[PDB]
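Starting off, we have a lone chain in the form deposited in one PDB entry, written out as structure tokens.
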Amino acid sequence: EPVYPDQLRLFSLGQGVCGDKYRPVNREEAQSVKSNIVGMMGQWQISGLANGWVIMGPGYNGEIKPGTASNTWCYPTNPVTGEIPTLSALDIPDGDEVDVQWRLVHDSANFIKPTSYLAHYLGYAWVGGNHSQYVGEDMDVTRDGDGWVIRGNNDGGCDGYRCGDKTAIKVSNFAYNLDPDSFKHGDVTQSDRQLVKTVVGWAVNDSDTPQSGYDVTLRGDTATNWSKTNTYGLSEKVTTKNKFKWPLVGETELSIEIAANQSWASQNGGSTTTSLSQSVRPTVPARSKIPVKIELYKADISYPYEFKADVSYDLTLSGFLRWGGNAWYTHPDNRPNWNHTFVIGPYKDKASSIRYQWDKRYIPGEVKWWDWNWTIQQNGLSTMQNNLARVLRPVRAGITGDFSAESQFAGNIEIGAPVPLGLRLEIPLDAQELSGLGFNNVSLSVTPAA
């Protein structure tokens, strides 16, 4: 009876008031799923809990204390029980795509038995081999070309009606999505931040009135020269859903962006040009000038890196449904040949999402495929939960290589204390010299704040 965070609902109906069939979350329950509640709240949001308690937003460190709130965190009085556990990821070391797929489909405890049991619990017949009395044992794994086929061994003979018509578990359409947040690295092989030059000058206010209305801004461009290797071949097929910035390691700054819908392996490095954009709005006293300075740095860094790529695939259950016991919502009693594919990974549609179907199993309007409530009645909730937890356990492949980058950047434009004499600048810039240092099209300008 844990509190399931996805069944929480925030109501805005008055102090301690929930919607129909909801009851307020109490301070103990809230504390048990604090991070989940707080992550759904506004920075300084304060939300009600049962009996005069409130939970506060992340700005307040999600504290739980006595308080009055006209909005309330609520939970069903009759929740949907037995949520499918989200197990920790199943890691597959980096390797070629064949290596990765090979390890996954030959895995008895983590793949063959769980998917075999799924099909069995759904009503599919003969999900096992001839030399075993148990489901998902004596299973041959063969190739369908691009896809894999897991099916009970059929050599020799068997006892049962249509026993030679072994149900087939098919695995196809593998996808690999790199999770940027999974980043980690080894020893930072090389690191350092070097001052190559200091650009110094003056901003002068030759008027009888203090000047505060001029932006002083630096523009131009540098370049980050970088490279990244891929230890194995899976990287050829790995992509990221969204563009992201190469992570910051150390006390330097890089502006590298990894592009979405593009092969990890095709993104191996080069020269990414970066714009200089520092700006500041100084106040210069009347008839005085201020020292303005900009430090120009260069830095490099190298390390072995690693990311994880979430592995997804189509799981197609193919065989006939047992008479007097199957989960299809119309419960066919004519042992029809059946085909159904689940997408093991992110959601694509309702028909292929086990999680969606399971979570929505008490909404009759939604039961258009498998009747998960019937699987529970047959096997018990626990059995079904544990099985789906394994079927849906995240599979992740390690994506490794070496990273190396050489960068150039400016620090902030700094302003000094005023010395006696619109706003004007006196800051010498030598284009060629600057170019030699990796700083191009450099300019320093004054413009009104308007």
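We call the rigid core whatever largest set of C-alpha positions still superposes within 1.5 Å between the two forms. In case it trips you up, residue 1 is the first one in the sequence shown, and so on.
Note that the form deposited in another entry isn't included here; everything after this is about it.
Per-residue Cα shift between this form and the one not shown after core alignment stays below 2 Å for all of 150, 309, 284, 127 except 284. Core-superposed comparison between this form and the one not shown: the CA of residue 96 stays below a 2 Å shift. Relative to the superposed rigid core, the position of the CA of residue 207 differs between this form and the one not shown by 2 Å or more.
Relative to the superposed rigid core, the position of the CA of residue 36 differs between this form and the one not shown by 2 Å or more.
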